[PDB]
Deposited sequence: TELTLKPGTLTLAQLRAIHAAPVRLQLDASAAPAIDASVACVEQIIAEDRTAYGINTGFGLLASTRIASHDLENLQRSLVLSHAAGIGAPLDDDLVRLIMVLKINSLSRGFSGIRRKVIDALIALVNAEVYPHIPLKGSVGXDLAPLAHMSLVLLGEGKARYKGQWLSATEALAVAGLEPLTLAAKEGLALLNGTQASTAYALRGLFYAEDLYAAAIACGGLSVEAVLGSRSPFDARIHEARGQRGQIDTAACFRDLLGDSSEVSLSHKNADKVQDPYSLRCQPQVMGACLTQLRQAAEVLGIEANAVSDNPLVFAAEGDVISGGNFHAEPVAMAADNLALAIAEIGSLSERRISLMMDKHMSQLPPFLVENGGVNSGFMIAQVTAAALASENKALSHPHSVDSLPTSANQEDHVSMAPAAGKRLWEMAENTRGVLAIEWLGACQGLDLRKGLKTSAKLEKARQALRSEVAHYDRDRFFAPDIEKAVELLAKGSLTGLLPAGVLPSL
């Protein structure tokens, strides 16, 4: 993607694209005025020998002590070095890229007092596909990960280029840069903010959306496999409840299923025995999940565009004000909200798998295999789905309700947004595995309705899976089939079946 960025206007679709693939960006000309004007306000404070906390002061004893020039340049470097105190595995380059772009976006709104040259150095790194090392853990909601990113600007730390670690000076040279020296306010502008928290949660959102889309297709396949009814999806039921998420979800099921299929007609008014809730309550459960993800997306899409550093520079009035926008509470809650959605998408899918395995409910052979007292079929795949779904219950415990006071009680309440967002990634792996197993089971069950077809889009879902995984004719090593179905889901194989304009970023 090639982006001429109007700061503060990134959409969720643009954020998904940044998360998914490399970007080339530059600032729109309209960004220059406010960026340069907050720098000029900082420069005027210094030229006028005024003292402003977080501009030309120290910290602590010196918090309203105007320290001298000399000390102030070095102070920026000391802040980045000492604050780069994170730990844990390195983030992958896609996430590092997203964090860098979010930081560029926020700074480029012109309230932070950082030189346009420093912003353009971050842009050069993005454009060169040079990604600073950022460790996963340490932020309480994002001094440490943002300090690690910023090290490379100073010629410290390391960065990844074409999958290999480079020294910061080699990495800068790849991007056409040499090490920079920071000025007043720039250490705080780079280190204070919510961009790591927000990126972690946005990744969770995009995963939740991918899983929602796949679950509409998988659930439609499972309805067909067990001769379920389309009547639960009737628009009038959903209008009468009035829940938007459910209305839009039922509309997606109707789009994928259509009014009837060869399978449904071949079993006619089938419906003589009411469907289980894991089928018939899909609009209600998946709709609640959709509302939850939309809740979270609204908060996260704002936060991606937020001015989140401190103190803020209001050049139009000539004011520098210390507030609290670095506190990532809304991000932490958005991530905890997303956990409910990822968990319940998986729970409902796991119950549909269980239904398909139950001969009294599925109208299929037990465990979806012919010769069933000699073959186990899908029996243990169903157990794997149970294990994955169960893990998500404990993982749903909220992080936004915890806090510890850091630094002699001044940092006396924090968000825990990073932990909240990061756990969504593993929840999403769990739900993706459940859905992969459901996909496998429903395609197997439809195969056993010999020669019959489902709807146009659900046949595309069958064809996608059968390109890699064969019908289960007799017991064979099961796990490679699950692995392949998971990889197809992770690559977005089913996402394009969902109607446009339903999910926040799609």
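Comparing the deposited sequence with the modelled residues shows one gap only, at 142, with numbering starting at 1.
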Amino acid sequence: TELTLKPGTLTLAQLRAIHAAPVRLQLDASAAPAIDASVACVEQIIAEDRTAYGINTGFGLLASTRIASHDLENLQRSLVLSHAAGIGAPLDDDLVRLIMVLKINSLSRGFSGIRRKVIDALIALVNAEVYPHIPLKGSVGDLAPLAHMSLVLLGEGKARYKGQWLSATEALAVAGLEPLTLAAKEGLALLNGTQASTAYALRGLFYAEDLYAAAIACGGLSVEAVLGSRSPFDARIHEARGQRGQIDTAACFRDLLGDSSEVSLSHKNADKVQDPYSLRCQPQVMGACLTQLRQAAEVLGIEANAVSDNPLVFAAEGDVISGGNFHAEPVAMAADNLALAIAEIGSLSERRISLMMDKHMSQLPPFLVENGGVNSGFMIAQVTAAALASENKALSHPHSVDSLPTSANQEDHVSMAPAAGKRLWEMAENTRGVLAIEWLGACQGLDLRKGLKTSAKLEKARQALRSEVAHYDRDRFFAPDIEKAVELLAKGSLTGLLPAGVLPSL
From here on, numbers count along this sequence of modelled residues.
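Of the two stretches examined, 184-192 and 208-216, the record assigns the greater average C-alpha temperature factor to 184-192.
On average the C-alpha atoms of 263-271 have higher B-factors than those of the other stretch, with 240-248 and 263-271 being the two compared.
Looking only at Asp319, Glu303, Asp412, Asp92, the residue with the top Cα B factor in the deposited structure is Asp319. Highest CA B-factor among the listed residues (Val23, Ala20, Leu10, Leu488): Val23. Annotation for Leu151: C-alpha temperature factor in the middle third relative to the rest of the modelled chain, per the entry. Sort the chain's modelled residues by C-alpha temperature factor and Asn392 lands in the lowest third, per the entry.
In the PDB entry, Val174 places in the highest third of its chain by CA B-factor.
The deposited CA B-factor of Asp447 belongs to the middle third of values across its chain.
Among the modelled residues of its chain, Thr431 has a C-alpha B-factor that falls in the lowest third according to the deposited record.
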